[PDB]
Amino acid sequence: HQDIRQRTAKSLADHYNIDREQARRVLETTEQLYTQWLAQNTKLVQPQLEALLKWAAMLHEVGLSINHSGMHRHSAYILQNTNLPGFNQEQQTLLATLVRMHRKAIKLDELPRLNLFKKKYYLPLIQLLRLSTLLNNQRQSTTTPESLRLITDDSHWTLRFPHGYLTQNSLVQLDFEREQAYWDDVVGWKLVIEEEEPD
């Protein structure tokens, strides 16, 4: 399934001309946050969902050629409806769900029925993907924080940037304030934005 999925993802990447540099920077951020997240929520460890999050990071832009406006929905549409060797139906559905929910306003009432995957296990993975795709939205122009610390108590999350980073990257700060507002509309989610001390 590992190599089958790699083939499938590569076929999608080639067909849709996905920007691979952008997929890779998103995955890298996603993996760095995932490591920090996992240690703090060990009861939620789910390696199959971790794998699907990885493919969501790789494939989240597949819908870009349909439109940049609503891209998350268009990428999810393609991922839900294309034949995806190596993804069974519920994995396919969950993959599409991660992508559908990775930006703009979230509705928990649009959550799919899945026997295999409970929302306590995948909701935080949506939160990871939302942050990682957001941090990278300036693409090649992204200035990657030298450090990013994620502190969680369930779905109340604190992201701590390097000292001076937010002031220096103002569009990042504005994007993150918008995300906090989005989380203020989602039950159980709260996002706090912090800065390291000068030390």
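Residue positions are given as counts along the sequence shown, with the first one as 1.
**Q** Hey, which bit's got the bigger mean C-alpha B factor in the entry, 113 to 121 or 68 to 76?
**A** For C-alpha atoms only, the mean B-factor is higher in 113 to 121.
**Q** Quick check on the record: does 163 to 171 or 55 to 63 carry the larger mean Cα temperature factor?
**A** The entry gives the higher C-alpha B-factor average to 163 to 171.
**Q** By the entry's C-alpha temperature factors, tell me which of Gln46, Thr42, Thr30, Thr142 sits highest.
**A** By C-alpha B-factor in the record, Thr142 ranks first.
**Q** Looking at the C-alpha B-factor values in the deposited entry, which of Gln138, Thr133, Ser155, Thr35 comes out highest?
**A** Comparing C-alpha B-factors across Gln138, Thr133, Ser155, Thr35, the maximum falls on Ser155.
**Q** Among the chain's modelled residues, which third holds the C-alpha B-factor of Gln22?
**A** Answer is lowest: the recorded C-alpha B-factor places it there.
**Q** When the modelled residues of the chain are sorted by Cα temperature factor, does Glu179 land in the lowest, middle or highest third?
**A** Answer is lowest: the recorded C-alpha B-factor places it there.
**Q** State the tercile, meaning the lowest, middle or highest third, of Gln92 with respect to the CA B-factors recorded for its chain.
**A** Tercile = middle for this residue's CA B-factor.
**Q** Where does the C-alpha B-factor of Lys104 rank in its chain, lowest, middle or highest third?
**A** For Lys104, whose C-alpha B-factor we compare with every modelled residue in the chain, the answer is the middle third.
**Q** Please say which third, lowest, middle or highest, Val192 falls into when its CA temperature factor is compared across its chain.
**A** Middle third of the chain for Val192's C-alpha B-factor.
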